[PDB]
Amino acid sequence: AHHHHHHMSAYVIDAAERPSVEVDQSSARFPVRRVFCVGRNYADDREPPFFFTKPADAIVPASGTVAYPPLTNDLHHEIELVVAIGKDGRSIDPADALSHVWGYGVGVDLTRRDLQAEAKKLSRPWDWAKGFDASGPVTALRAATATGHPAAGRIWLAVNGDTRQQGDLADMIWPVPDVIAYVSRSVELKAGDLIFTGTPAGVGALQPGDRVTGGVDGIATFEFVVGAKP
Amino acid sequence: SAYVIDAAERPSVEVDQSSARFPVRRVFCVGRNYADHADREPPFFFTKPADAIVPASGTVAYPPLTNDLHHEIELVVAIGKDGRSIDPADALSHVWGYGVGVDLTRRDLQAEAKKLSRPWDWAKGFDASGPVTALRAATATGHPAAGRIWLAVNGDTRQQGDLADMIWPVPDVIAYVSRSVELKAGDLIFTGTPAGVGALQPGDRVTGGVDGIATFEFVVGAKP
(Lines give C-alpha, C1' and ligand atoms only; values in the text may rest on other atoms or scores of the structure.)
Protein backbone atom coordinates (compact mmCIF):
# COMPACT_ATOMS: atom_id res chain seq x y z
CA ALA A 1 0.00 0.00 0.00
CA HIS A 2 1.06 3.66 -0.26
CA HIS A 3 3.88 5.03 1.83
CA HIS A 4 6.33 7.91 1.93
CA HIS A 5 8.98 9.42 4.13
CA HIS A 6 9.82 12.98 3.29
CA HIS A 7 13.08 14.41 4.55
CA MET A 8 13.48 18.15 5.11
CA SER A 9 16.68 19.98 4.21
CA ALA A 10 18.98 21.29 6.93
CA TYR A 11 20.07 24.94 6.61
CA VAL A 12 23.46 26.57 7.27
CA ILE A 13 21.78 29.54 8.96
CA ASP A 14 18.59 29.89 11.04
CA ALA A 15 15.61 29.81 8.64
CA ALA A 16 12.73 32.06 9.64
CA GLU A 17 9.16 30.70 9.53
CA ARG A 18 8.02 30.88 5.90
CA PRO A 19 5.54 33.68 5.15
CA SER A 20 1.87 32.73 5.54
CA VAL A 21 -1.57 34.31 6.05
CA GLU A 22 -4.16 33.51 8.69
CA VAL A 23 -7.22 31.63 7.47
CA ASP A 24 -10.63 32.53 8.90
CA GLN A 25 -12.19 29.81 11.13
CA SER A 26 -9.03 27.61 10.88
CA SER A 27 -5.78 26.93 12.69
CA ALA A 28 -4.13 26.15 9.33
CA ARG A 29 -2.55 28.96 7.33
CA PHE A 30 -2.00 29.91 3.70
CA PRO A 31 1.69 29.72 2.64
CA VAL A 32 2.64 32.61 0.33
CA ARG A 33 4.61 31.88 -2.84
CA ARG A 34 4.71 35.10 -4.94
CA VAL A 35 2.64 38.30 -4.80
CA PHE A 36 1.41 39.94 -8.03
CA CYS A 37 -0.22 43.38 -8.12
CA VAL A 38 -2.11 44.81 -11.04
CA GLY A 39 -1.56 48.34 -12.11
CA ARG A 40 -4.52 50.53 -12.81
CA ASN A 41 -7.55 48.22 -12.87
CA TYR A 42 -10.62 50.25 -11.81
CA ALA A 43 -12.81 52.51 -13.87
CA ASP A 44 -15.61 55.01 -13.12
CA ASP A 45 -10.91 49.00 -26.09
CA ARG A 46 -9.22 48.05 -22.79
CA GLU A 47 -5.45 48.18 -22.68
CA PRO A 48 -3.73 45.07 -21.31
CA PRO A 49 -2.94 45.27 -17.58
CA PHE A 50 0.58 45.67 -16.21
CA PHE A 51 1.97 44.23 -12.98
CA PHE A 52 4.41 44.76 -10.19
CA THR A 53 5.14 42.37 -7.31
CA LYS A 54 5.88 42.36 -3.59
CA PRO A 55 8.06 39.85 -1.75
CA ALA A 56 6.15 37.04 -0.02
CA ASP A 57 7.29 38.25 3.40
CA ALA A 58 5.95 41.79 2.81
CA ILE A 59 2.52 40.23 3.44
CA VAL A 60 1.73 41.03 7.06
CA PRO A 61 -1.45 41.06 9.14
CA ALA A 62 -3.87 43.91 8.45
CA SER A 63 -4.30 44.27 12.23
CA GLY A 64 -2.32 45.52 15.18
CA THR A 65 0.43 47.91 14.09
CA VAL A 66 1.76 48.17 10.55
CA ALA A 67 5.21 49.76 10.58
CA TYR A 68 5.85 53.09 8.85
CA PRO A 69 8.84 52.32 6.55
CA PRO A 70 12.15 54.22 6.35
CA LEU A 71 13.08 56.43 3.33
CA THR A 72 9.68 58.01 2.92
CA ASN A 73 7.70 61.09 3.86
CA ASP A 74 4.75 60.00 1.67
CA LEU A 75 3.19 56.57 2.39
CA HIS A 76 0.08 55.92 0.30
CA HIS A 77 -2.80 53.44 0.68
CA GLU A 78 -4.66 51.48 -1.98
CA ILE A 79 -7.45 49.14 -0.80
CA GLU A 80 -7.65 45.91 -2.92
CA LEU A 81 -9.37 42.55 -3.20
CA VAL A 82 -6.67 39.88 -2.76
CA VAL A 83 -7.06 36.55 -4.60
CA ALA A 84 -5.31 33.46 -3.20
CA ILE A 85 -4.34 30.73 -5.69
CA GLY A 86 -4.71 27.02 -4.88
CA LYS A 87 -3.73 25.32 -8.17
CA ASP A 88 -0.71 25.72 -10.40
CA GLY A 89 -1.04 26.67 -14.05
CA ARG A 90 0.41 28.34 -17.08
CA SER A 91 -1.55 29.88 -19.99
CA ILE A 92 -4.79 29.52 -18.03
CA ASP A 93 -7.95 30.28 -20.02
CA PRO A 94 -10.21 32.85 -18.30
CA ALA A 95 -13.03 30.30 -18.42
CA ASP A 96 -10.90 27.99 -16.19
CA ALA A 97 -9.25 30.63 -14.03
CA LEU A 98 -11.60 30.67 -11.05
CA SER A 99 -10.96 26.93 -10.58
CA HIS A 100 -7.41 27.92 -9.64
CA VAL A 101 -8.62 30.16 -6.80
CA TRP A 102 -8.38 28.87 -3.21
CA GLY A 103 -9.91 31.96 -1.58
CA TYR A 104 -10.00 35.67 -0.96
CA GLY A 105 -8.91 38.38 1.42
CA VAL A 106 -8.68 42.16 1.63
CA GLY A 107 -5.36 43.96 1.37
CA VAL A 108 -3.74 47.36 1.28
CA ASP A 109 -1.06 48.00 -1.33
CA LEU A 110 1.21 50.42 0.53
CA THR A 111 3.55 52.64 -1.48
CA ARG A 112 6.52 54.88 -0.72
CA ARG A 113 5.04 57.37 -3.21
CA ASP A 114 7.96 59.80 -3.12
CA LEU A 115 10.31 56.97 -4.14
CA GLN A 116 7.78 55.94 -6.78
CA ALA A 117 7.68 59.39 -8.35
CA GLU A 118 11.51 59.39 -8.51
CA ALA A 119 11.51 55.96 -10.13
CA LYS A 120 8.97 57.07 -12.74
CA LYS A 121 11.00 60.23 -13.59
CA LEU A 122 14.12 58.08 -14.16
CA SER A 123 12.43 55.00 -15.78
CA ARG A 124 13.85 53.00 -12.87
CA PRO A 125 12.46 49.96 -11.03
CA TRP A 126 9.58 50.31 -8.55
CA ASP A 127 10.82 47.79 -5.99
CA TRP A 128 11.84 50.36 -3.40
CA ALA A 129 8.46 52.08 -3.89
CA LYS A 130 6.30 48.95 -3.78
CA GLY A 131 8.16 45.97 -2.26
CA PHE A 132 9.37 47.27 1.07
CA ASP A 133 8.80 45.83 4.58
CA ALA A 134 5.17 45.39 5.63
CA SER A 135 4.08 46.83 2.27
CA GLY A 136 1.15 44.41 1.86
CA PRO A 137 -1.06 44.11 4.91
CA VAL A 138 -3.75 41.44 4.25
CA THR A 139 -6.70 40.16 6.31
CA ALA A 140 -7.26 36.58 7.23
CA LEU A 141 -8.31 34.67 4.12
CA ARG A 142 -11.63 32.94 3.51
CA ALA A 143 -11.97 29.84 1.32
CA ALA A 144 -13.87 30.40 -1.94
CA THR A 145 -16.23 27.59 -0.87
CA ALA A 146 -17.34 29.97 1.92
CA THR A 147 -17.52 33.21 -0.12
CA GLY A 148 -18.12 32.25 -3.71
CA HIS A 149 -16.14 34.25 -6.29
CA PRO A 150 -17.08 37.86 -5.52
CA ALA A 151 -17.82 39.97 -8.62
CA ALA A 152 -19.76 42.92 -7.16
CA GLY A 153 -19.97 44.82 -3.91
CA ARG A 154 -18.47 47.61 -1.82
CA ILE A 155 -14.68 47.92 -1.46
CA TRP A 156 -13.68 50.73 0.89
CA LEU A 157 -11.03 52.24 3.11
CA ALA A 158 -11.20 54.92 5.83
CA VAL A 159 -8.55 56.77 7.80
CA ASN A 160 -9.41 57.92 11.31
CA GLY A 161 -13.03 57.09 10.51
CA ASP A 162 -13.09 59.30 7.38
CA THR A 163 -13.81 57.42 4.14
CA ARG A 164 -10.98 57.87 1.62
CA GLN A 165 -11.79 55.14 -0.92
CA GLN A 166 -15.13 53.64 -1.87
CA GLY A 167 -15.87 51.74 -5.02
CA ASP A 168 -17.41 48.51 -6.25
CA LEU A 169 -15.74 45.28 -7.38
CA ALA A 170 -17.88 45.49 -10.53
CA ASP A 171 -15.79 48.43 -11.67
CA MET A 172 -12.69 46.32 -12.30
CA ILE A 173 -11.39 46.90 -15.84
CA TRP A 174 -10.08 43.34 -16.15
CA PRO A 175 -12.06 40.89 -14.01
CA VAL A 176 -10.35 38.36 -11.78
CA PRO A 177 -10.41 35.45 -14.32
CA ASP A 178 -8.64 37.65 -16.91
CA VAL A 179 -6.12 38.95 -14.39
CA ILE A 180 -5.27 35.34 -13.47
CA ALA A 181 -4.95 34.42 -17.17
CA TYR A 182 -2.59 37.36 -17.82
CA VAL A 183 -0.27 36.51 -14.91
CA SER A 184 -0.19 32.87 -16.06
CA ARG A 185 1.11 33.91 -19.50
CA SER A 186 4.16 35.64 -17.92
CA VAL A 187 5.16 33.03 -15.30
CA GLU A 188 3.77 29.73 -14.08
CA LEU A 189 1.12 30.56 -11.50
CA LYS A 190 1.49 28.45 -8.36
CA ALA A 191 -0.57 27.36 -5.39
CA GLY A 192 0.34 29.92 -2.75
CA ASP A 193 0.28 32.96 -5.05
CA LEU A 194 -1.56 36.12 -4.03
CA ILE A 195 -2.92 38.62 -6.55
CA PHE A 196 -3.82 42.18 -5.58
CA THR A 197 -6.51 43.05 -8.13
CA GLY A 198 -6.44 46.87 -8.16
CA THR A 199 -7.94 49.78 -6.29
CA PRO A 200 -10.82 52.24 -6.71
CA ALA A 201 -10.27 56.02 -6.66
CA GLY A 202 -9.02 57.89 -3.64
CA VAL A 203 -5.41 56.76 -3.19
CA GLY A 204 -3.95 59.10 -0.57
CA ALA A 205 -1.40 59.42 2.23
CA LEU A 206 -1.15 57.73 5.66
CA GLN A 207 0.47 59.55 8.58
CA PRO A 208 2.24 57.80 11.45
CA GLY A 209 -0.45 56.89 14.00
CA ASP A 210 -3.35 56.81 11.54
CA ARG A 211 -6.13 54.26 12.19
CA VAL A 212 -6.87 52.49 8.87
CA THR A 213 -10.09 50.57 8.39
CA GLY A 214 -11.56 48.99 5.29
CA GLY A 215 -13.13 45.99 3.71
CA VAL A 216 -14.83 44.22 0.88
CA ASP A 217 -18.43 43.33 1.65
CA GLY A 218 -18.77 39.61 2.47
CA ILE A 219 -15.01 38.99 2.43
CA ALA A 220 -13.37 40.79 5.39
CA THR A 221 -12.99 44.05 7.23
CA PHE A 222 -9.88 45.24 9.00
CA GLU A 223 -8.56 47.80 11.47
CA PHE A 224 -4.88 48.62 12.12
CA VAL A 225 -2.72 51.49 13.30
CA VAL A 226 0.23 52.89 11.32
CA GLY A 227 3.43 52.85 13.36
CA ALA A 228 5.74 55.72 14.23
CA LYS A 229 8.14 57.17 11.65
CA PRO A 230 11.64 55.70 12.16
CA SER B 1 2.25 25.61 10.74
CA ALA B 2 -0.27 23.33 9.05
CA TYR B 3 -1.31 24.68 5.66
CA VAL B 4 -4.60 24.75 3.73
CA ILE B 5 -2.72 23.86 0.51
CA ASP B 6 0.45 21.85 -0.24
CA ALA B 7 3.48 24.12 0.12
CA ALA B 8 6.30 23.61 -2.34
CA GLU B 9 9.74 23.31 -0.82
CA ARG B 10 11.06 26.75 0.21
CA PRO B 11 13.79 28.13 -2.07
CA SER B 12 17.39 27.40 -1.19
CA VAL B 13 20.87 27.20 -2.71
CA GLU B 14 23.48 24.47 -2.66
CA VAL B 15 26.39 24.94 -0.28
CA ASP B 16 29.79 23.67 -1.48
CA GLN B 17 30.75 20.28 0.08
CA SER B 18 27.70 20.23 2.35
CA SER B 19 24.26 18.60 2.28
CA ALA B 20 22.91 21.61 4.21
CA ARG B 21 21.39 24.45 2.17
CA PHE B 22 21.27 28.23 2.17
CA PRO B 23 17.58 29.31 2.53
CA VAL B 24 16.76 32.35 0.38
CA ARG B 25 14.86 35.24 1.99
CA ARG B 26 14.87 38.13 -0.53
CA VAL B 27 17.04 38.85 -3.57
CA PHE B 28 18.35 42.40 -4.24
CA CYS B 29 20.03 43.40 -7.49
CA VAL B 30 22.02 46.61 -7.97
CA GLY B 31 21.38 48.46 -11.35
CA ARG B 32 24.56 49.83 -13.12
CA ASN B 33 27.45 49.22 -10.69
CA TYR B 34 30.52 48.67 -12.88
CA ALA B 35 32.76 51.10 -14.74
CA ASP B 36 35.01 50.18 -17.73
CA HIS B 37 38.07 50.72 -15.46
CA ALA B 38 39.35 51.40 -11.90
CA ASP B 39 30.89 62.14 -7.16
CA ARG B 40 29.44 58.65 -7.62
CA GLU B 41 25.67 58.65 -8.01
CA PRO B 42 23.81 56.55 -5.41
CA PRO B 43 22.96 53.03 -6.59
CA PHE B 44 19.46 51.90 -7.48
CA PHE B 45 18.00 48.42 -7.03
CA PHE B 46 15.54 45.94 -8.35
CA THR B 47 14.66 42.55 -6.88
CA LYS B 48 13.82 39.00 -7.91
CA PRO B 49 11.50 36.61 -6.03
CA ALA B 50 13.31 34.13 -3.80
CA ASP B 51 12.17 31.19 -5.96
CA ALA B 52 13.62 32.78 -9.13
CA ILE B 53 16.97 31.58 -7.73
CA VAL B 54 17.72 28.31 -9.51
CA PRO B 55 20.90 26.31 -10.00
CA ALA B 56 23.47 27.67 -12.47
CA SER B 57 23.82 24.06 -13.61
CA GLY B 58 21.98 21.66 -15.91
CA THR B 59 19.27 23.44 -17.95
CA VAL B 60 17.86 26.93 -17.36
CA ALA B 61 14.45 27.34 -19.01
CA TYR B 62 13.88 29.90 -21.74
CA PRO B 63 10.93 31.99 -20.49
CA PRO B 64 7.71 32.90 -22.29
CA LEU B 65 7.00 36.42 -23.64
CA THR B 66 10.48 37.11 -24.92
CA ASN B 67 12.62 37.02 -28.04
CA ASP B 68 15.53 38.75 -26.33
CA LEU B 69 16.87 36.98 -23.22
CA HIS B 70 19.95 38.79 -21.87
CA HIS B 71 22.68 37.66 -19.55
CA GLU B 72 24.45 39.72 -16.85
CA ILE B 73 27.15 37.82 -14.85
CA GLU B 74 27.45 38.96 -11.24
CA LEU B 75 29.08 38.24 -7.92
CA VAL B 76 26.36 37.15 -5.48
CA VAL B 77 26.73 37.98 -1.76
CA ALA B 78 24.85 35.82 0.75
CA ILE B 79 23.83 37.48 4.01
CA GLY B 80 24.16 35.68 7.35
CA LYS B 81 23.15 38.35 9.92
CA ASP B 82 20.14 40.70 10.06
CA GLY B 83 20.65 44.46 10.16
CA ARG B 84 19.22 47.88 9.41
CA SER B 85 21.20 51.04 8.74
CA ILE B 86 24.43 49.00 8.61
CA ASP B 87 27.63 51.07 8.52
CA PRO B 88 29.92 50.15 5.59
CA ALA B 89 32.67 49.44 8.18
CA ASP B 90 30.42 46.75 9.72
CA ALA B 91 28.87 45.42 6.48
CA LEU B 92 31.20 42.50 5.72
CA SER B 93 30.48 41.03 9.17
CA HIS B 94 26.91 40.45 7.87
CA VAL B 95 28.18 38.31 4.98
CA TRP B 96 27.76 34.54 5.18
CA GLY B 97 29.53 33.87 1.89
CA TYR B 98 29.60 34.21 -1.87
CA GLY B 99 28.56 32.66 -5.14
CA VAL B 100 28.31 33.57 -8.81
CA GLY B 101 25.02 34.29 -10.58
CA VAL B 102 23.47 35.43 -13.83
CA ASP B 103 20.83 38.16 -13.81
CA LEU B 104 18.65 37.04 -16.74
CA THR B 105 16.38 39.66 -18.37
CA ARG B 106 13.48 39.62 -20.82
CA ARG B 107 15.11 42.68 -22.38
CA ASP B 108 12.33 43.38 -24.87
CA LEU B 109 9.89 43.65 -21.95
CA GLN B 110 12.44 45.80 -20.08
CA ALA B 111 12.66 48.21 -23.04
CA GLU B 112 8.88 48.62 -23.04
CA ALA B 113 8.79 49.11 -19.25
CA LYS B 114 11.46 51.83 -19.47
CA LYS B 115 9.59 53.60 -22.32
CA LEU B 116 6.39 53.67 -20.24
CA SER B 117 7.99 54.29 -16.85
CA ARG B 118 6.43 51.01 -15.69
CA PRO B 119 7.67 48.34 -13.28
CA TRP B 120 10.49 45.99 -14.23
CA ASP B 121 9.08 42.84 -12.55
CA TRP B 122 8.07 41.09 -15.79
CA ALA B 123 11.49 41.91 -17.26
CA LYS B 124 13.58 40.91 -14.24
CA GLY B 125 11.67 38.67 -11.81
CA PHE B 126 10.39 35.86 -14.04
CA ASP B 127 10.84 32.10 -13.60
CA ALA B 128 14.45 30.89 -13.41
CA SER B 129 15.64 34.49 -13.82
CA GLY B 130 18.50 34.18 -11.26
CA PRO B 131 20.69 31.10 -11.70
CA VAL B 132 23.31 30.92 -8.92
CA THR B 133 26.24 28.57 -8.21
CA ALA B 134 26.73 26.69 -5.00
CA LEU B 135 27.72 29.10 -2.21
CA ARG B 136 30.97 29.10 -0.25
CA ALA B 137 31.43 30.52 3.26
CA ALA B 138 33.40 33.78 3.60
CA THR B 139 35.74 31.94 6.00
CA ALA B 140 36.79 29.92 2.94
CA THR B 141 36.64 32.53 0.15
CA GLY B 142 37.68 35.67 2.00
CA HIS B 143 36.01 38.95 1.03
CA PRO B 144 37.06 39.47 -2.61
CA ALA B 145 37.96 43.02 -3.66
CA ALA B 146 39.42 42.18 -7.06
CA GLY B 147 39.42 39.34 -9.57
CA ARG B 148 38.23 38.46 -13.08
CA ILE B 149 34.47 38.18 -13.57
CA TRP B 150 33.43 36.69 -16.89
CA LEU B 151 30.78 34.90 -18.95
CA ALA B 152 31.08 32.93 -22.20
CA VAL B 153 28.61 31.44 -24.64
CA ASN B 154 29.62 28.24 -26.47
CA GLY B 155 33.20 28.97 -25.40
CA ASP B 156 33.33 32.58 -26.59
CA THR B 157 33.69 35.38 -24.03
CA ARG B 158 30.66 37.70 -23.92
CA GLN B 159 31.33 39.64 -20.70
CA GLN B 160 34.53 40.43 -18.90
CA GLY B 161 35.75 42.75 -16.21
CA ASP B 162 37.15 42.78 -12.70
CA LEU B 163 35.49 43.05 -9.27
CA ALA B 164 37.74 46.11 -8.72
CA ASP B 165 35.58 47.84 -11.41
CA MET B 166 32.61 48.08 -9.00
CA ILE B 167 31.41 51.65 -8.52
CA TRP B 168 30.00 50.96 -5.05
CA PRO B 169 31.88 48.11 -3.38
CA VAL B 170 30.15 45.32 -1.47
CA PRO B 171 30.19 47.05 1.99
CA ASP B 172 28.43 50.13 0.56
CA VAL B 173 25.93 48.07 -1.43
CA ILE B 174 24.98 46.23 1.79
CA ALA B 175 24.73 49.55 3.62
CA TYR B 176 22.40 51.02 0.98
CA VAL B 177 20.05 47.99 0.95
CA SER B 178 19.89 48.05 4.77
CA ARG B 179 18.61 51.68 4.68
CA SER B 180 15.63 50.74 2.46
CA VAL B 181 14.53 47.51 4.22
CA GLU B 182 15.82 45.41 7.12
CA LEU B 183 18.50 43.15 5.69
CA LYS B 184 18.03 39.52 6.83
CA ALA B 185 20.05 36.35 7.07
CA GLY B 186 19.14 34.51 3.90
CA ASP B 187 19.26 37.52 1.61
CA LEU B 188 21.17 37.43 -1.65
CA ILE B 189 22.62 40.50 -3.32
CA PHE B 190 23.60 40.56 -6.98
CA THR B 191 26.35 43.23 -7.04
CA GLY B 192 26.48 44.35 -10.67
CA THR B 193 27.79 43.23 -14.03
CA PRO B 194 30.92 44.01 -16.07
CA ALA B 195 31.00 45.21 -19.67
CA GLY B 196 29.63 43.20 -22.64
CA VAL B 197 26.00 43.03 -23.81
CA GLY B 198 24.55 39.78 -25.01
CA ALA B 199 21.54 37.61 -25.58
CA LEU B 200 21.03 33.86 -25.24
CA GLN B 201 19.09 31.43 -27.40
CA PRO B 202 17.96 27.83 -26.87
CA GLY B 203 20.87 25.37 -26.81
CA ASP B 204 23.50 27.98 -25.88
CA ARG B 205 26.03 26.70 -23.35
CA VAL B 206 26.65 29.45 -20.79
CA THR B 207 29.78 29.34 -18.72
CA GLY B 208 31.27 31.91 -16.38
CA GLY B 209 32.83 32.69 -13.08
CA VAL B 210 34.51 34.94 -10.61
CA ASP B 211 38.16 34.07 -9.90
CA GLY B 212 38.59 32.82 -6.33
CA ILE B 213 34.83 32.13 -5.93
CA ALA B 214 33.18 29.73 -8.40
CA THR B 215 32.64 28.85 -12.05
CA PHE B 216 29.54 27.36 -13.71
CA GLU B 217 28.03 25.82 -16.81
CA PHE B 218 24.40 25.55 -17.86
CA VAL B 219 22.49 25.15 -21.14
CA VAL B 220 19.54 27.33 -22.22
CA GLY B 221 16.33 25.33 -22.67
CA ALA B 222 13.89 25.28 -25.57
CA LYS B 223 11.71 28.28 -26.40
CA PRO B 224 8.17 27.47 -25.17
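In what follows, chains carry the letters A, B, and so on, assigned in the order in which the sequence lines appear, proteins first and then strands, with residues in each chain numbered from 1. Heavy-atom basis, side chains included; hydrogens, waters and symmetry copies ignored.
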Sub-3.5 Å donor-acceptor pair from the side chain of A:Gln165 to the main-chain atoms of A:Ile79, do we have one? yes
Minimal non-hydrogen separation, B:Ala50 against B:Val24, with atom names: CB-CG1, 3.7 Å
Please check this pair: side chain of B:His94 against backbone of B:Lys81, looking for a donor-acceptor N/O pair closer than 3.5 Å. yes
Ion pair present between B:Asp103 and B:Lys48, side-chain N to carboxylate O less than 4.0 angstrom? yes
May I ask you to decide whether A:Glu22 forms a salt bridge with A:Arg142, counting only side-chain N to carboxylate O separations under 4.0 Å? no
Testing the basics here: between B:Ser178 and B:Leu183, what is the closest heavy-atom pair and its distance to 0.1 Å? CB-CB, 4.4 Å
What distance separates B:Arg179 CZ from B:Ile86 CD1, expressed to the nearest 0.5 Å? 10.0 Å
Roughly how far, to the nearest 0.5 Å, is CG of A:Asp96 from OG of A:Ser91? 12.0 Å
Judged by atom type as modelled, is there a donor-acceptor pair below 3.5 Å linking the side chain of A:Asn41 to the main-chain atoms of A:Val38? no
Is a side-chain donor or acceptor of A:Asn160 paired with a backbone partner of A:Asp210 at a separation under 3.5 angstrom? no
Is the side chain of A:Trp128 donor-acceptor paired with the backbone N or O of A:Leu71 at a distance under 3.5 Å, no angle test? no
Criterion side-chain hydrogen bond (donor to acceptor under 3.5 Å, both in side chains) on A:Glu223 and A:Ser63, from CA distance to verdict: CA-CA 6 Å; A:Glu223 176 162 340; A:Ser63 55; over 6 Å; no
Is there a side-chain contact (heavy atoms from CB on, under 4.5 Å) between B:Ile213 and B:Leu75 once you walk through the steps? CA-CA 9 Å; B:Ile213 306 295; B:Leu75 177 74; 4.1 Å; yes
Can you tell me if A:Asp162 has over 12 outside heavy atoms packed within less than 6.0 Å of its CG? yes
Sub-3.5 Å donor-acceptor pair from the side chain of A:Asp114 to the main-chain atoms of A:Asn73, do we have one? yes
Does B:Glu74 use its side chain to pair, donor to acceptor, with the backbone of B:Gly192 at less than 3.5 Å? yes
How about B:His70 and B:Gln110: does a side-chain donor come under 3.5 Å of a side-chain acceptor? no
For side-chain contact (heavy atoms from CB on, under 4.5 Å), just list the numbers for B:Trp96 and B:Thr139, CA-CA rounded to whole Å, side-chain angles, deciding distance to a tenth of an Å, and then say yes or no. CA-CA 8 Å; B:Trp96 186 87; B:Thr139 51; over 6 Å; no
Out of B:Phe28, B:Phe45, B:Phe46, which one pairs with A:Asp127 under the side-chain contact (heavy atoms from CB on, under 4.5 Å) rule? B:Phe46
Non-hydrogen atoms of A:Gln207 and A:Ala205 that approach each other most closely: NE2-CB, 4.1 Å
With rounding to the nearest 0.5 angstrom, report the CG to OG distance, A:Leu122 to B:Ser117. 9.0 Å
Distance-minimising heavy-atom pair for A:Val225 and A:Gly209: CG1-O, 3.8 Å
With the threshold set at 4.0 Å, does a side-chain nitrogen-carboxylate oxygen contact exist between B:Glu112 and B:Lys114? no
Test item: A:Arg46 side-chain N/O and A:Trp174 main-chain N/O as donor-acceptor pair under 3.5 Å: no
Pairing residues for A:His6 by the ring-ring contact (aromatic ring centres under 6.0 Å, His included) criterion, not counting sequence neighbours: none
Counting C-beta onward and ignoring hydrogens, is there a side-chain heavy-atom pair between B:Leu188 and B:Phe22 closer than 4.5 Å? yes
Using every non-hydrogen atom in the two residues, find where B:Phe216 and B:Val102 come nearest and quote the distance to one decimal. CZ-CG2, 3.5 Å
side-chain contact (heavy atoms from CB on, under 4.5 Å) between A:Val82 and A:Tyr104: does it pass, once the steps are laid out? CA-CA 6 Å; A:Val82 174; A:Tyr104 294 90; over 6 Å; no
Taking the side chain as everything from C-beta on, heavy atoms only, tell me whether B:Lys184 gets closer than 4.5 Å to B:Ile79. no
Taken to the nearest 0.5 Å, the spacing of B:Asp87 CG from B:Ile174 CD1 works out to 12.0 Å
Side-chain ion pair, B:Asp68 and B:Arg106, N-O less than 4.0 Å: no
Judged by atom type as modelled, is there a donor-acceptor pair below 3.5 Å linking the side chain of A:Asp168 to the main-chain atoms of A:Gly153? yes
Using a 4.5 Å cut-off on heavy atoms from C-beta on, say whether the side chain of A:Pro19 contacts that of A:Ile59. no
A quick test of your reading: do over 12 heavy atoms of other residues, nucleotides or ligands sit less than 6.0 Å from CZ of B:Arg107? yes
Should we say atom CZ of A:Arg211 is surrounded by more than 12 heavy atoms from elsewhere, each under 6.0 Å from it? no
For B:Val15 and B:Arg21, work out which heavy atoms get closest and say how close. CG2-C, 4.0 Å
Stepwise side-chain contact (heavy atoms from CB on, under 4.5 Å) test for A:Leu110 and A:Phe132: CA-CA 9 Å; A:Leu110 296 174; A:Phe132 60 90; 3.8 Å; yes
Would you call A:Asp133-B:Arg26 a salt bridge at under 4.0 Å N-O? yes
Does a salt bridge link B:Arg25 with B:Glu182, judged by any charged N lying under 4.0 Å from a carboxylate O? no
